[PDB]
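K.L.:
I am attaching a structure below and will ask some questions about it afterwards.
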There are 2 protein chains.
Amino acid sequence: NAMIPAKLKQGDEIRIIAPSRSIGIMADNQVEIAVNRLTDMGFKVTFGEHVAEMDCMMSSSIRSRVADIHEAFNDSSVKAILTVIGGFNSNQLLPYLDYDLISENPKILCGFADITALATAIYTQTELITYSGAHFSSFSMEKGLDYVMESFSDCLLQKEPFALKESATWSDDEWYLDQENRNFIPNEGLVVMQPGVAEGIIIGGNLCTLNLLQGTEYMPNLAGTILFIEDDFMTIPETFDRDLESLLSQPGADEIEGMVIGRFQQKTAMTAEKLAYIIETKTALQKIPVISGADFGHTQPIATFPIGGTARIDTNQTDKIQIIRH
Amino acid sequence: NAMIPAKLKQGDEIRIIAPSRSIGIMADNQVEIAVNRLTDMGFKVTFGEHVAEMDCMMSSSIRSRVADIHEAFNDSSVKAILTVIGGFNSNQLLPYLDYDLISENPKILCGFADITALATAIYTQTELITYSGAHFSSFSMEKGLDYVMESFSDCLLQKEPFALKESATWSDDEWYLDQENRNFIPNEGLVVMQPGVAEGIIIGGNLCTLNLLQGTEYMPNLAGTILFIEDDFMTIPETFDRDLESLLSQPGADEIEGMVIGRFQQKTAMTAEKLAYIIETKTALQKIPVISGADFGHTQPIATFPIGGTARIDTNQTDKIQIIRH
Ligand SMILES: Nc1ncnc2c1ncn2[C@@H]1O[C@H](COS(N)(=O)=O)[C@@H](O)[C@H]1O
Ligand SMILES: Nc1ncnc2c1ncn2[C@@H]1O[C@H](COS(N)(=O)=O)[C@@H](O)[C@H]1O
Ligand SMILES: [Mg+2]
């Protein structure tokens, strides 16, 4: 069964790697804040040897990112690994990873969006539980951050079940470019789209990214899972639909226990009607409960949750999402 | 080998269907144009009962689309089926299609883009050969069609080999909105990115669409195939890359014979340099011919080619892409 890596504790070292886009797209100023932020939380922050390498795709070579990953896992002082930022190409690295090395060195790996690929592949090949959550760059956000740290802390510094609470406010701002002028919005809350109750193994993160593992070794079976699914502003409802239909045609999809969907960005123009239409036409979702408007995805603020950890959904309760194993 | 549907004779009936987006996204006069065009080419044009149904996704219900599809294969006056246009959701239809009925009513199905899903699936399930080529709506283009009819005719009215020939000019115009103010461009032609000779089965069409069948029983094995791939302006170099990585990780990708890539649209901003870097990082393409800039995809003009047919690629000839079986 699944390996829960040791929770972080004060003084632990945290390694920053860039398996997707280069730390070079972050301004010197942003780096400083995130460093200090995690340092104030009580951690030695260190950086992979190649984080700053940059090519024409704003990323770096396969061999470089692979090495930073292996070093990070092989270094025993490192208790958690944080990705710099997402991007597009972490799926390139999958064939080249020493999964024996990784399973021999269980520890936290956390990041989201493109990192879904890497994180999911490591769970499926290794059974190490990984995390969909804050990037390193996530901690460079001056306003609204409290929720991020609280969920990051609930998930990674403590071990008891916790609830994926609804934020009080949420936003959809390009905050790295403008940090003072933000637009927090009262969170109208989660939205029950299909009622029910269930319990299961957590799979998901970024939908179009998880699609990429379909037909590979690295794809997890979906039997007995709660799906936590999200996508960014590039997806429109029609692309979300086709990408979801694809996911729900994969092995184990007949036996999905439920789904939680993260808040969409504004440009996606997802509406309640469209989302309802999309879900209502999916066969594998017919009986199980489904929620939308959760605090993970590309809006602020994000939670941090385990891929390969367990959850319970109860639509009648106030706190609808409970994380149990994590 | 596969089955080849009867080539289109003269006066033969053509049924138009809308398995993706509805015909309601076409202006009345744009349809009048395509109808006259295909009539002049000497065919009886008819429309499925449901082609004008229209939902909030600019498409139509599953069961409507599936009915027009079945009524069209089963009607024996009908010798070719053309899709109105592409979009997003032809992959929804796949579990509901009567493949046995299709298998015993062999005939031409042609269209491209989203239709890649429908066409490929029909092929993998019935091994009836289908076509990536003109939509009904493709025949409403006033300027620059001559190439399109010619390729259409090469593929579907004649039985002998032919070359997927370089066009003299090409464009990337919103021509349905401005039929007169076009912007033709002299075609620098096919780039040989990797030289070679190779022969195999043609698989491909729209890349992110073909991705959607991955991990399903509708996915073709890729052993002994020539991949003809293509994507539209919504893809950027990084997304073309991750989608390509994902395809070249599928069953059979270790035994691909060669690859042809269709001309990118301009908003994609694919540079010869980026494309080369993307290709050289792909393991499955190490020792095989790869050609770029071909005449298919989302620029005009478009060629029509068979899915499940056969092609020879010869970097030494001046006719470098040959379509043998169709
Ligand atoms: N320097 C930067 N450049 C671009 N985006 C930056 C950024 N810093 C923070 N974000 C943020 O990171 C998110 C993108 O996440 S992802 N898909 O994992 O890469 C966006 O919400 C940006 O606002
Ligand atoms: N009425 C219309 N509305 C939108 N696009 C139209 C169009 N007529 C032609 N195209 C065109 O046909 C292509 C779309 O094919 S596809 N991806 O398979 O749906 C694009 O190049 C459009 O410009
Ligand atoms: Mg995809």
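For the structure tokens, the naming scheme is as follows: chains receive sequential letters (A, B, ...) according to their order of presentation, residues are indexed from 1 within each chain, and ligands are indexed from 1 in presentation order.
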Quick one: residues within 12 Å of residue 214 in chain B, only C-alpha atoms, excluding same-chain residues fewer than 5 positions away - as a PyMOL selection string?
P.N.:
(chain A and resi 210-216+219+243+245-251) or (chain B and resi 91+117+120-121+207-209+219-222+243+246-251)
K.L.:
Please give me, as an MDAnalysis selection string, the residues lying within 10 Å of ligand 1 when counting only C-alpha atoms and all ligand atoms.
P.N.:
chainID A and resid 20:28 30:31 83:88 111:116 133:141 172:178 206 231:233 265 297:300
K.L.:
Can you give chain B as a CSV table (one decimal) with C-alpha atoms, in the first residue's frame after you superpose it on chain A, pairing all C-alpha atoms in order for the least-squares fit?
P.N.:
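Wrote it out as part.csv, contents follow:
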chain,number,residue,atom,x,y,z
B,1,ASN,CA,-2.3,1.3,0.9
B,2,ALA,CA,0.3,3.8,-0.5
B,3,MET,CA,3.3,5.3,1.4
B,4,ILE,CA,3.0,8.6,3.2
B,5,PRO,CA,6.0,10.8,3.2
B,6,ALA,CA,7.1,12.1,6.6
B,7,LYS,CA,5.4,15.3,7.5
B,8,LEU,CA,7.5,18.4,7.4
B,9,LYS,CA,9.1,19.2,10.8
B,10,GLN,CA,10.5,22.7,11.7
B,11,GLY,CA,13.9,23.8,10.4
B,12,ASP,CA,13.6,21.0,7.7
B,13,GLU,CA,15.3,21.6,4.3
B,14,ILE,CA,13.2,22.3,1.2
B,15,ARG,CA,14.6,21.9,-2.3
B,16,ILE,CA,13.2,23.9,-5.1
B,17,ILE,CA,13.4,22.5,-8.6
B,18,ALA,CA,12.1,23.5,-12.1
B,19,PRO,CA,10.8,20.4,-14.0
B,20,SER,CA,8.6,22.6,-16.1
B,21,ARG,CA,9.4,26.2,-16.8
B,22,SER,CA,12.7,27.7,-15.6
B,23,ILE,CA,13.0,30.0,-12.5
B,24,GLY,CA,14.4,32.5,-15.0
B,25,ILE,CA,10.7,33.5,-15.8
B,26,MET,CA,10.6,34.8,-12.2
B,27,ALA,CA,11.9,38.3,-11.4
B,28,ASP,CA,14.8,38.4,-8.9
B,29,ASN,CA,12.6,40.1,-6.3
B,30,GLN,CA,9.6,37.7,-6.7
B,31,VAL,CA,12.0,34.9,-5.7
B,32,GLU,CA,13.4,36.9,-2.8
B,33,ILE,CA,9.8,37.2,-1.6
B,34,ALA,CA,9.0,33.5,-1.8
B,35,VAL,CA,12.3,32.7,-0.1
B,36,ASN,CA,11.6,34.9,2.8
B,37,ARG,CA,8.0,33.7,3.1
B,38,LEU,CA,9.1,30.0,3.4
B,39,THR,CA,12.0,30.9,5.7
B,40,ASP,CA,9.6,32.8,8.0
B,41,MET,CA,7.4,29.6,8.0
B,42,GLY,CA,10.5,28.1,9.4
B,43,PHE,CA,12.3,26.2,6.6
B,44,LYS,CA,15.7,26.0,5.0
B,45,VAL,CA,15.2,26.9,1.3
B,46,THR,CA,17.6,25.5,-1.3
B,47,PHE,CA,17.7,25.3,-5.1
B,48,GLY,CA,18.6,22.5,-7.5
B,49,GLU,CA,21.8,23.1,-9.4
B,50,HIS,CA,20.0,23.5,-12.8
B,51,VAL,CA,16.9,25.6,-11.8
B,52,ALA,CA,18.1,28.7,-13.7
B,53,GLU,CA,18.8,27.0,-17.1
B,54,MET,CA,16.7,28.5,-19.8
B,55,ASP,CA,15.9,27.4,-23.4
B,56,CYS,CA,13.8,28.9,-26.1
B,57,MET,CA,10.7,27.2,-24.6
B,58,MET,CA,11.4,29.1,-21.3
B,59,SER,CA,12.3,25.7,-19.8
B,60,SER,CA,15.4,23.5,-19.7
B,61,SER,CA,16.8,20.3,-21.0
B,62,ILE,CA,15.5,16.9,-19.9
B,63,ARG,CA,18.7,15.7,-18.5
B,64,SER,CA,19.2,18.9,-16.4
B,65,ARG,CA,15.7,18.6,-14.9
B,66,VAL,CA,16.1,14.9,-14.2
B,67,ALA,CA,19.4,15.6,-12.4
B,68,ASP,CA,17.9,18.2,-10.0
B,69,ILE,CA,15.1,15.7,-9.4
B,70,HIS,CA,17.4,12.8,-8.5
B,71,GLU,CA,19.9,14.9,-6.5
B,72,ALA,CA,16.8,16.2,-4.5
B,73,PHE,CA,15.3,12.8,-3.7
B,74,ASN,CA,18.7,11.3,-2.9
B,75,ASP,CA,19.9,14.1,-0.6
B,76,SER,CA,18.7,13.2,2.8
B,77,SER,CA,18.6,16.6,4.4
B,78,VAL,CA,15.9,17.4,1.8
B,79,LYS,CA,12.4,16.6,3.3
B,80,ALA,CA,10.2,18.3,0.7
B,81,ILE,CA,10.6,19.2,-2.9
B,82,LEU,CA,8.6,22.2,-4.3
B,83,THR,CA,8.4,22.9,-8.0
B,84,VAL,CA,9.2,26.5,-9.1
B,85,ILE,CA,6.2,26.7,-11.2
B,86,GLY,CA,4.2,24.8,-13.9
B,87,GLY,CA,4.2,25.1,-17.7
B,88,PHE,CA,4.0,22.4,-20.3
B,89,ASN,CA,6.7,19.7,-20.4
B,90,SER,CA,7.0,17.8,-17.2
B,91,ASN,CA,5.6,14.8,-19.2
B,92,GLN,CA,8.9,14.7,-21.3
B,93,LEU,CA,10.8,13.7,-18.1
B,94,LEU,CA,8.8,10.6,-17.2
B,95,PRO,CA,10.6,7.8,-19.2
B,96,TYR,CA,13.9,9.0,-17.8
B,97,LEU,CA,13.2,9.0,-14.0
B,98,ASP,CA,14.7,6.5,-11.6
B,99,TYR,CA,11.6,5.4,-9.9
B,100,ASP,CA,13.4,2.9,-7.7
B,101,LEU,CA,15.6,5.6,-6.3
B,102,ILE,CA,12.5,7.7,-5.6
B,103,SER,CA,10.7,4.7,-4.1
B,104,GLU,CA,13.5,4.4,-1.5
B,105,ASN,CA,13.7,8.1,-0.7
B,106,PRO,CA,10.0,8.9,0.2
B,107,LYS,CA,9.4,12.5,0.8
B,108,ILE,CA,7.1,15.4,-0.1
B,109,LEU,CA,6.7,16.5,-3.6
B,110,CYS,CA,4.4,19.4,-4.1
B,111,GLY,CA,3.2,21.7,-7.0
B,112,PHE,CA,0.3,21.8,-9.4
B,113,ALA,CA,-0.9,22.3,-13.0
B,114,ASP,CA,1.7,20.8,-15.4
B,115,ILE,CA,3.3,19.1,-12.4
B,116,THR,CA,0.2,17.0,-12.2
B,117,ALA,CA,2.0,14.7,-14.8
B,118,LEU,CA,5.2,14.3,-12.8
B,119,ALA,CA,3.4,13.9,-9.5
B,120,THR,CA,0.8,11.4,-10.7
B,121,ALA,CA,3.5,9.3,-12.5
B,122,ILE,CA,5.7,9.2,-9.4
B,123,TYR,CA,2.6,8.0,-7.5
B,124,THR,CA,1.5,5.3,-10.1
B,125,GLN,CA,5.1,4.0,-10.4
B,126,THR,CA,6.3,4.1,-6.8
B,127,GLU,CA,3.0,4.6,-4.9
B,128,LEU,CA,4.7,7.3,-2.9
B,129,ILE,CA,1.9,9.9,-2.3
B,130,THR,CA,2.5,13.3,-3.9
B,131,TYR,CA,0.7,16.6,-3.7
B,132,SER,CA,-1.2,19.0,-5.9
B,133,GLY,CA,-0.6,22.3,-4.2
B,134,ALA,CA,1.6,25.4,-3.9
B,135,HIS,CA,4.6,26.0,-6.1
B,136,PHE,CA,7.5,27.8,-4.6
B,137,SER,CA,6.3,30.7,-6.7
B,138,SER,CA,2.9,30.4,-5.0
B,139,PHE,CA,4.6,31.7,-1.8
B,140,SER,CA,5.5,35.0,-3.5
B,141,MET,CA,1.9,36.2,-3.4
B,142,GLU,CA,1.8,39.2,-0.9
B,143,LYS,CA,-1.9,39.6,-0.4
B,144,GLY,CA,-4.3,36.7,0.5
B,145,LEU,CA,-1.8,34.0,1.3
B,146,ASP,CA,-3.2,33.1,4.7
B,147,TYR,CA,-5.4,30.4,3.2
B,148,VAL,CA,-2.5,28.9,1.2
B,149,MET,CA,-0.2,28.5,4.2
B,150,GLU,CA,-3.0,27.1,6.2
B,151,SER,CA,-3.9,24.4,3.7
B,152,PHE,CA,-0.2,23.8,3.1
B,153,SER,CA,0.2,23.2,6.9
B,154,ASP,CA,-3.0,21.1,7.2
B,155,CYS,CA,-1.7,18.8,4.5
B,156,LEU,CA,2.0,18.6,5.2
B,157,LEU,CA,2.9,19.7,8.8
B,158,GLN,CA,0.0,17.9,10.6
B,159,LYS,CA,-1.1,14.3,10.3
B,160,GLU,CA,-4.8,14.4,11.0
B,161,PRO,CA,-7.9,14.8,8.8
B,162,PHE,CA,-8.9,18.2,7.6
B,163,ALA,CA,-11.5,19.8,5.4
B,164,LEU,CA,-10.8,21.3,2.0
B,165,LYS,CA,-12.7,24.3,3.3
B,166,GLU,CA,-14.5,27.0,1.4
B,167,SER,CA,-12.5,30.3,1.4
B,168,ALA,CA,-14.1,33.5,2.5
B,169,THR,CA,-12.9,35.2,-0.6
B,170,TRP,CA,-11.2,34.3,-3.9
B,171,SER,CA,-9.6,36.1,-6.8
B,172,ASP,CA,-8.4,35.6,-10.4
B,173,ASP,CA,-5.6,38.1,-10.5
B,174,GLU,CA,-2.3,38.5,-12.3
B,175,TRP,CA,-0.9,39.1,-8.9
B,176,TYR,CA,2.8,38.5,-9.8
B,177,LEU,CA,2.5,41.6,-11.9
B,178,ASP,CA,0.4,43.7,-9.5
B,179,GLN,CA,0.8,42.6,-6.0
B,180,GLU,CA,-1.3,45.5,-4.5
B,181,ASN,CA,-4.3,46.0,-6.9
B,182,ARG,CA,-6.0,42.7,-6.1
B,183,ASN,CA,-9.7,42.1,-6.4
B,184,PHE,CA,-11.1,39.7,-3.8
B,185,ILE,CA,-14.6,38.4,-4.2
B,186,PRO,CA,-16.9,37.0,-1.7
B,187,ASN,CA,-17.1,33.2,-2.2
B,188,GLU,CA,-20.6,31.9,-2.9
B,189,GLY,CA,-18.9,28.6,-2.2
B,190,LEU,CA,-19.2,24.9,-3.2
B,191,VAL,CA,-22.1,24.1,-5.5
B,192,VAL,CA,-23.6,20.7,-5.1
B,193,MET,CA,-24.3,19.6,-8.6
B,194,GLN,CA,-25.2,16.1,-7.5
B,195,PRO,CA,-25.7,15.0,-3.9
B,196,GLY,CA,-24.2,12.1,-2.3
B,197,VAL,CA,-21.8,10.5,0.1
B,198,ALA,CA,-18.6,8.7,-1.1
B,199,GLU,CA,-15.1,7.7,-0.1
B,200,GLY,CA,-12.1,6.8,-2.3
B,201,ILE,CA,-8.6,7.6,-3.5
B,202,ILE,CA,-7.8,11.1,-4.7
B,203,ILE,CA,-6.7,11.4,-8.2
B,204,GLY,CA,-6.5,14.5,-10.2
B,205,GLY,CA,-5.2,18.0,-10.7
B,206,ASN,CA,-5.0,19.6,-14.1
B,207,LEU,CA,-7.3,17.9,-16.5
B,208,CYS,CA,-5.6,18.5,-19.9
B,209,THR,CA,-2.3,17.5,-18.2
B,210,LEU,CA,-3.7,14.3,-16.8
B,211,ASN,CA,-5.1,13.5,-20.2
B,212,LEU,CA,-1.4,13.4,-21.4
B,213,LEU,CA,-0.7,10.1,-19.4
B,214,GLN,CA,-3.7,8.4,-20.9
B,215,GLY,CA,-2.7,5.2,-22.9
B,216,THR,CA,0.6,5.1,-21.0
B,217,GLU,CA,1.8,3.0,-18.0
B,218,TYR,CA,1.9,6.2,-16.0
B,219,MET,CA,-1.9,6.4,-16.0
B,220,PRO,CA,-3.7,5.6,-12.7
B,221,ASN,CA,-6.6,3.3,-12.8
B,222,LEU,CA,-9.7,5.2,-11.8
B,223,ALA,CA,-11.6,2.6,-9.9
B,224,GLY,CA,-12.7,3.7,-6.4
B,225,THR,CA,-11.3,7.2,-6.9
B,226,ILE,CA,-12.6,10.7,-6.1
B,227,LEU,CA,-11.6,12.9,-9.1
B,228,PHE,CA,-10.3,16.3,-8.2
B,229,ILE,CA,-10.2,18.1,-11.4
B,230,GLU,CA,-9.3,21.6,-12.5
B,231,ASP,CA,-8.2,23.6,-15.6
B,232,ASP,CA,-7.0,27.2,-16.4
B,233,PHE,CA,-8.1,30.1,-18.5
B,234,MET,CA,-7.0,28.5,-21.7
B,235,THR,CA,-9.8,25.9,-21.5
B,236,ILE,CA,-13.3,26.9,-22.6
B,237,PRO,CA,-16.4,25.0,-21.7
B,238,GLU,CA,-16.2,23.0,-24.9
B,239,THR,CA,-12.6,21.9,-24.3
B,240,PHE,CA,-13.2,21.1,-20.6
B,241,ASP,CA,-16.0,18.8,-21.9
B,242,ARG,CA,-14.0,16.9,-24.5
B,243,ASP,CA,-11.1,16.5,-22.1
B,244,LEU,CA,-13.5,15.2,-19.4
B,245,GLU,CA,-15.2,12.8,-21.8
B,246,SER,CA,-11.7,11.5,-22.7
B,247,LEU,CA,-10.8,11.0,-19.0
B,248,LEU,CA,-14.2,9.3,-18.1
B,249,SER,CA,-13.5,6.8,-20.9
B,250,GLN,CA,-10.3,5.6,-19.3
B,251,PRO,CA,-9.9,2.2,-17.4
B,252,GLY,CA,-11.7,2.3,-14.1
B,253,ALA,CA,-14.1,5.3,-15.0
B,254,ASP,CA,-17.1,3.0,-14.7
B,255,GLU,CA,-16.2,2.8,-10.9
B,256,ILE,CA,-15.6,6.4,-9.9
B,257,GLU,CA,-16.9,7.3,-6.4
B,258,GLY,CA,-17.3,11.1,-6.8
B,259,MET,CA,-15.9,14.2,-8.3
B,260,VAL,CA,-14.8,17.6,-7.1
B,261,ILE,CA,-14.2,20.4,-9.6
B,262,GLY,CA,-12.1,23.5,-8.8
B,263,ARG,CA,-13.1,27.0,-9.5
B,264,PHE,CA,-12.7,28.1,-13.1
B,265,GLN,CA,-11.0,31.3,-14.1
B,266,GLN,CA,-13.1,34.0,-15.6
B,267,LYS,CA,-11.7,34.0,-19.1
B,268,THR,CA,-13.0,30.4,-19.3
B,269,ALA,CA,-16.6,31.8,-18.9
B,270,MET,CA,-17.9,28.6,-17.4
B,271,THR,CA,-21.6,29.2,-16.5
B,272,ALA,CA,-23.4,27.1,-13.9
B,273,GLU,CA,-25.6,26.2,-16.8
B,274,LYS,CA,-22.9,25.0,-19.1
B,275,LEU,CA,-21.2,23.1,-16.4
B,276,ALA,CA,-24.5,21.3,-15.6
B,277,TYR,CA,-25.0,20.4,-19.2
B,278,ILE,CA,-21.5,19.1,-19.4
B,279,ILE,CA,-21.9,16.9,-16.2
B,280,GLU,CA,-25.3,15.5,-17.1
B,281,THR,CA,-24.0,14.1,-20.4
B,282,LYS,CA,-21.3,12.1,-18.7
B,283,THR,CA,-22.2,8.4,-18.3
B,284,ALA,CA,-19.6,7.6,-15.6
B,285,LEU,CA,-21.0,10.4,-13.3
B,286,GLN,CA,-24.7,9.3,-13.3
B,287,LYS,CA,-25.3,8.3,-9.7
B,288,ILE,CA,-22.4,10.0,-7.8
B,289,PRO,CA,-21.8,13.2,-6.0
B,290,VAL,CA,-20.2,16.1,-7.9
B,291,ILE,CA,-19.2,19.3,-6.3
B,292,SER,CA,-18.2,22.5,-8.1
B,293,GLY,CA,-16.4,25.7,-7.0
B,294,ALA,CA,-13.7,24.2,-4.8
B,295,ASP,CA,-10.6,26.1,-3.8
B,296,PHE,CA,-8.0,24.6,-6.2
B,297,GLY,CA,-6.9,25.3,-9.7
B,298,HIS,CA,-5.7,28.5,-11.2
B,299,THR,CA,-7.7,31.1,-9.1
B,300,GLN,CA,-6.5,32.2,-5.7
B,301,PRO,CA,-6.3,31.0,-3.1
B,302,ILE,CA,-5.2,27.4,-3.6
B,303,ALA,CA,-5.5,24.4,-1.3
B,304,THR,CA,-2.9,21.6,-1.2
B,305,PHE,CA,-4.2,18.0,-1.4
B,306,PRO,CA,-2.7,14.6,-1.8
B,307,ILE,CA,-2.6,12.5,-4.9
B,308,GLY,CA,-3.0,8.9,-3.8
B,309,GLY,CA,-4.5,10.0,-0.5
B,310,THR,CA,-8.2,9.5,0.5
B,311,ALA,CA,-11.1,11.8,0.7
B,312,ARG,CA,-14.7,11.6,1.9
B,313,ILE,CA,-17.4,13.6,0.2
B,314,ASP,CA,-20.6,14.3,2.1
B,315,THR,CA,-23.2,16.7,0.6
B,316,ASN,CA,-25.1,16.8,3.9
B,317,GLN,CA,-22.2,18.1,6.0
B,318,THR,CA,-21.0,21.7,6.0
B,319,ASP,CA,-17.5,20.4,5.7
B,320,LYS,CA,-18.4,18.5,2.4
B,321,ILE,CA,-14.9,17.7,1.3
B,322,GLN,CA,-12.8,15.8,3.8
B,323,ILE,CA,-9.2,14.8,3.4
B,324,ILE,CA,-8.6,11.7,5.6
B,325,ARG,CA,-5.2,10.2,4.5
B,326,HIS,CA,-2.3,12.6,3.7
K.L.:
Name the residues of range 26-118 of chain B that come out as strand (DSSP E) in a backbone DSSP run; write them as a list in words.
P.N.:
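Selection result, strand (DSSP E) within range 26-118 of chain B: residues 44, 45, 46, 47, 78, 79, 80, 81, 82, 83, 108, 109, 110 and 111 of chain B.
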K.L.:
Going by DSSP on the backbone, which residues of range 10-154 of chain B come out as alpha helix (DSSP H)? List them as an NGL selection string.
P.N.:
:B and (28-40 or 62-74 or 99-103 or 116-126 or 146-154)
